[PDB]
Amino acid sequence: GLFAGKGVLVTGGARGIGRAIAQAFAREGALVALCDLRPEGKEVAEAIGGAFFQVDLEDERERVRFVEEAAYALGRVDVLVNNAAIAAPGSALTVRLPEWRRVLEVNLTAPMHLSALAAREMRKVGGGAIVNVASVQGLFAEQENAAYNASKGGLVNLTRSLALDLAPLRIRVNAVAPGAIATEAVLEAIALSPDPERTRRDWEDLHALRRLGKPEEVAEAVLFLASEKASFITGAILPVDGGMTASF
Amino acid sequence: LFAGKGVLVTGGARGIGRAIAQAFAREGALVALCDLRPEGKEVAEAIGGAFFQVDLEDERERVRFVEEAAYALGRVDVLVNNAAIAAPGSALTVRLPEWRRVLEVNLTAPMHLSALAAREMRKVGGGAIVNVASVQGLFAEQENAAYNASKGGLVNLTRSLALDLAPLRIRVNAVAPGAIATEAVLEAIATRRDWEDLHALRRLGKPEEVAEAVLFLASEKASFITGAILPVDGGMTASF
Amino acid sequence: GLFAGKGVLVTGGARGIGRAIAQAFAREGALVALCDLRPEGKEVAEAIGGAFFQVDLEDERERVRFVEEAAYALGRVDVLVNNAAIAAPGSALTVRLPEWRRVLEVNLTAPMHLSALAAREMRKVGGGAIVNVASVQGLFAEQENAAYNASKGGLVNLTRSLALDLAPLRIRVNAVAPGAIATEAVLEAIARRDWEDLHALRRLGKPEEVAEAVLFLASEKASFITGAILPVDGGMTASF
Amino acid sequence: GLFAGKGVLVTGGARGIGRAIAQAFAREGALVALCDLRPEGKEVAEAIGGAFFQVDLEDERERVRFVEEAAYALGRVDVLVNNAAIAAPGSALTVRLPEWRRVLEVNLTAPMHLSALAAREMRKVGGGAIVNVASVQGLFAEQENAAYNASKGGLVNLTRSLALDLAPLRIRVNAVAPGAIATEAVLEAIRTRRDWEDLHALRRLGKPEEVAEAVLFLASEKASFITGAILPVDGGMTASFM
Ligand SMILES: NC(=O)c1ccc[n+]([C@@H]2O[C@H](COP(=O)([O-])OP(=O)(O)OC[C@H]3O[C@@H](n4cnc5c(N)ncnc54)[C@H](O)[C@@H]3O)[C@@H](O)[C@H]2O)c1
Ligand SMILES: NC(=O)c1ccc[n+]([C@@H]2O[C@H](COP(=O)([O-])OP(=O)(O)OC[C@H]3O[C@@H](n4cnc5c(N)ncnc54)[C@H](O)[C@@H]3O)[C@@H](O)[C@H]2O)c1
Ligand SMILES: NC(=O)c1ccc[n+]([C@@H]2O[C@H](COP(=O)([O-])OP(=O)(O)OC[C@H]3O[C@@H](n4cnc5c(N)ncnc54)[C@H](O)[C@@H]3O)[C@@H](O)[C@H]2O)c1
Ligand SMILES: NC(=O)c1ccc[n+]([C@@H]2O[C@H](COP(=O)([O-])OP(=O)(O)OC[C@H]3O[C@@H](n4cnc5c(N)ncnc54)[C@H](O)[C@@H]3O)[C@@H](O)[C@H]2O)c1
């Protein structure tokens with residue numbers, strides 16, 4: 001397929017969007033290596049004949065291990081998808097500094113570090129592509145979600161920085177900015193709200209298509225940006241939000 | 001990807017438009033392209049599509065194009081608004097007639113054609129529209145006022161269309177190309193290194209590269225993408 | 001008087017934001033020349049001690065006449081505020097072409113033309129400033145308001161174009177992008193809570209609040225600000 | 001003037017834009033408290049009749065102490081300007097993790113923490129305003145300046161987050177995004193002159209005072225319906241790429 005025999009690294013591929021991305025790449029012929037804190041990642045890799053590495057991306061040593069083991073296992077690195085991320089509820093008034101720093105480490109520092117590590121391996125095969133999974137919440141903010149909004153905002157401009165600095169290595173770097181996608185994490189957030197039915201309706205209506213997106217739909221955008229079909233696209237931020245950011 | 005689907009492409013005689021027409025035809029689509037330039041005839045023949053000589057500045061001609069194209073293809077599933085013109089000059093030098101002509105072709109025409117095409121798309125349960133804007137619709141350049149204003153208008157019109165056509169199951173997006181090596185560019189030059197260095201990839205883009213982005217946005221693979229503006233500029237807009 | 005003795009042109013100053021802008025400049029000692037199609041602009045001018053010109057900005061001849069007569073009355077032109085605008089309800093599917101074209105003429109072509117005309121007067125005094133009143137609806141769209149969305153989107157990029165081309169004449173050009181403001185025009189459309197909830201401040205803005213932003217951008221305090229689009233929306237565009 | 005009797009906190013006020021900002025607020029009648037790691041900030045405070053606090057903004061304990069002592073000295077806190085910042089040359093390929101983290105701490109975490117601390121003081125006087133000094137490099141990137149581009153990008157969206165969360169406390173939060181400003185640091189780093197200047201439509205570098213004027217406006221009541229906004233003060237740099 002579009003990625004036959006290509007080595008693809010996907011962070012946080014145990015479930016949700018990451019899992020959809022890992023499966024999409026496998027369906028296109030890629031040799032996939034994914035990591036996650038969740039042991040369920042093992043099953044995902046088994047189903048797609050890929051490799052799984054249980055990794056805590058908050059730790060710089062673990063990030064180094066993941067790229068090394070993935071590179072050795074796959075034999076090459078062509079694509080890196082920075083999908084793993086976390087959040088810490090609260091505005092600047094109540095978020096605790098340690099939790100805030102942890103979100104910045106996992107959501108912003110990790111993608112920066114992993115991109116550098118992956119780039120050095122891509123150099124061996126003449127280049128490659130990196131896709132960062134940001135969010136519409138990296139372009140705009142929401143109440144009580146300071147750490148997430150700050151870190152994703154940083155990820156958006158980091159994507160531009162990486163695009164400029166890695167262009168010489170023939171590595172393109174882009175990001176997708178999803179709107180509300182029906183992943184386990186979102187279904188949980190909705191189900192645990194005081195009025196789940198109402199919440200679901202409200203979230204759906206944030207999009208022009210009046211429905212939540214599907215993980216597979218975000219995966220298709222990532223696949224496109226990581227493919228040679230997007231050869232003149234780099235440093236771009238692509239919203240995959242069913243029209244959310246087109247109107248208030 | 002588009003086997004048997006009806007696709008309308010404006011300004012398909014050369015450059016990006018021609019590449020777009022060829023790309024859809026390669027994917028099995030029934031393509032109807034229009035242009036003022038007669039060479040569009042050979043493009044249609046080479047890809048097995050239909051050519052219509054149309055002056056998009058004229059509203060009657062726009063109505064005629066969609067009617068004739070719909071009849072010829074049998075259905076309309078995708079519309080690509082690619083045709084455009086420019087009128088050199090700042091607000092201080094541009095003449096009103098030429099300014100209005102640029103707005104008619106670059107902004108009014110896409111609005112009108114989208115409405116006409118949408119009515120046909122309703123017959124097949126929806127579809128997709130892709131507008132070819134420009135980085136010069138998100139930013140400006142010296143002495144190119146009509147182009148900058150019309151393309152800026154096209155960018156927000158894309159958002160408007162996305163909102164109003166969502167109920168009809170029609171997605172609407174736009175691509176914003178940077179410097180692409182088309183006849184128009186390989187004419188304005190007729191500078192070289194300057195334009196190339198405007199991008200991080202340090203080279204001009206190829207028409208085919210913009211076409212691939214257009215095909216993606218027009219495809220079901222972009223099912224949750226609407227109202228979006230995608231730069232295809234080799235990293236130009238990522239830095240100054 | 002931050003603008004004491006300076007000549008200021010304000011379009012659409014009979015009511016709403018335009019009226020507030022005219023009053024603000026007058027309060028600061030400026031010689032204000034405001035135009036509008038509505039007759040009540042006369043009373044506004046009388047109350048602030050300025051000059052009123054009943055003009056139909058859709059007419060290019062009247063636009064030329066306005067700047068010429070206003071310049072003569074004031075003795076000099078230092079600032080131009082393009083505030084006049086109209087809308088045509090409807091999506092691309094229902095808007096009439098003639099109405100769409102008229103919205104483009106008044107909302108986009110008129111500001112382009114007036115800026116050029118005013119710039120020639122500002123040259124006499126070594127430069128000046130132009131402030132275009134765009135809208136959040138020039139950066140984003142809403143349902144059934146295609147003409148307004150497209151024209152305001154064009155006005156946003158035209159502001160960038162003008163800033164680039166007029167810098168040589170030492171004329172800064174910026175735009176304000178107001179969110180929901182409590183003007184009679186808005187009060188009519190409404191005839192509430194939802195519109196207020198669109199802003200983080202949870203209230204509609206006052207015309208006077210938009211005027212203050214306009215005066216800032218038109219002042220020397222904003223000497224290194226040009227080609228900028230400043231939202232005056234109570235936080236609306238900061239979140240969904 | 002616009003800030004007569006108002007308590008204003010300015011970070012990194014020893015030199016450059018921060019110094020221009022402190023001087024501007026004092027010029028408008030404000031009671032200014034500025035901090036900086038550089039001891040010469042004392043001179044700025046003395047010149048404008050304000051208060052100086054030597055502070056290492058990378059340290060959370062010193063940040064808490066700064067707001068506490070500044071609030072005590074001024075008697076009230078109405079405005080906070082997050083101006084202090086640092087950079088760490090290098091792309092993601094060459095930057096050292098520790099320096100990258102330090103840049104995030106000073107450029108992004110510090111403004112977040114300080115905004116929270118200052119907001120609690122503003123609540124005592126019915127609200128206030130916060131202005132973050134971002135950069136055009138928070139909206140776009142440049143070569144080999146990853147830490148700065150990432151932190152400023154985060155600061156831009158943090159500005160939106162703060163605006164949404166502090167609105168109820170009647171606190172507006174906005175940011176300015178300066179282009180090339182002729183600070184002593186920039187004047188020393190400098191064909192090179194012409195190139196940097198030609199990045200702006202005005203074809204010249206901006207003055208620190210010009211950025212200060214925008215900050216004053218956004219922090220004033222004249223900007224009462226402006227919050228969560230990012231205002232470029234770049235002489236037209238971001239209006240064009242050619
Ligand atoms: N679902 C949405 O609506 C939505 C919208 C916008 C952006 N996104 C982004 O999409 C991505 C995935 O979202 P999701 O909904 O699938 O969420 P998710 O909770 O499933 O998170 C992604 C994966 O990251 C893993 N992970 C988190 N911290 C880790 C760490 N320190 N080490 C290793 N693995 C770690 C998690 O275990 C999880 O499997 C994220 O970057 C998220 O910010 C999602
Ligand atoms: N080439 C670039 O670098 C570049 C950059 C940004 C945006 N774009 C956009 O891409 C599109 C195509 O660009 P291009 O470089 O191929 O230019 P082009 O000169 O080849 O123009 C496209 C086609 O439009 C046709 N056309 C123009 N006015 C027409 C009318 N009234 N009726 C019918 N046909 C008409 C022309 O004959 C031409 O074949 C345009 O919308 C342009 O604005 C191009
Ligand atoms: N009110 C809001 O919420 C809001 C929000 C965003 C942007 N805006 C913008 O602010 C500006 C003023 O808005 P407003 O609410 O006061 O509206 P308004 O209805 O009062 O319109 C402004 C003035 O323009 C005049 N005008 C219109 N067409 C004219 C023509 N051809 N010749 C001469 N005068 C003409 C009108 O008579 C009116 O007095 C407009 O540019 C509008 O798009 C307003
Ligand atoms: N100079 C420019 O061209 C330019 C352009 C865009 C944005 N900016 C922004 O404007 C602001 C000021 O820039 P500047 O040019 O005056 O730079 P600067 O080097 O003078 O730095 C500002 C001040 O911050 C202080 N500072 C740095 N780290 C500190 C710490 N840990 N604790 C306490 N004080 C600390 C420095 O001592 C200095 O006095 C910054 O936020 C910068 O990113 C500057």
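Naming: A, B, ... by sequence-line order, numbering from 1 per chain. Keep in mind that the numbers below use all heavy atoms, side chains included, and drop hydrogens, waters and symmetry copies. All ligand and atom numbering here is 1-based and tracks the order in the structure.
- In summary, of the residues considered (B:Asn81, B:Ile20, B:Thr10), a side chain to side chain contact (heavy atoms under 4.5 Å, CB included) with B:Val132 occurs for B:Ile20 alone.
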request  = Report the C-alpha separation of B:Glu209 and B:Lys206 in whole Å, then their side-chain angles, then the decisive distance to 0.1 Å, and conclude whether the salt bridge (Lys or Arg N to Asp or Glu O under 4.0 Å) test is met.
outcome  = CA-CA 5 Å; B:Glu209 296 182 296; B:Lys206 305 169 183 180; 5.5 Å; no
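- Every residue two or more places apart in sequence or in another chain that forms a salt bridge (charged side-chain N to carboxylate O under 4.0 Å, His left out) with B:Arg100 is listed here: C:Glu60, C:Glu105.
- Annotation: ligand 4 has protein neighbours D:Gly12, D:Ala14, D:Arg15, D:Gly16, D:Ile17, D:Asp36, D:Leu37, D:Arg38, D:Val55, D:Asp56, D:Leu57, D:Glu58, D:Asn83, D:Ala84, D:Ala85, D:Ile86, D:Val106, D:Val133, D:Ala134, D:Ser135, D:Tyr148, D:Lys152, D:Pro178, D:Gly179, D:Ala180, D:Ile181, D:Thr183, D:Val186, each with a heavy atom less than 4.0 angstrom from the ligand.
- Defined by atom type and a distance below 3.5 Å, a donor-acceptor pair is missing between the side-chain atoms of D:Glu142 and D:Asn149.
- Of the possible polar contacts, one joining the A:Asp36 side chain to the A:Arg38 backbone as a donor-acceptor pair under 3.5 Å is found.
- Side-chain contact of B:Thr158 with B:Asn131: a donor-acceptor pair under 3.5 Å is present, judged by distance alone.
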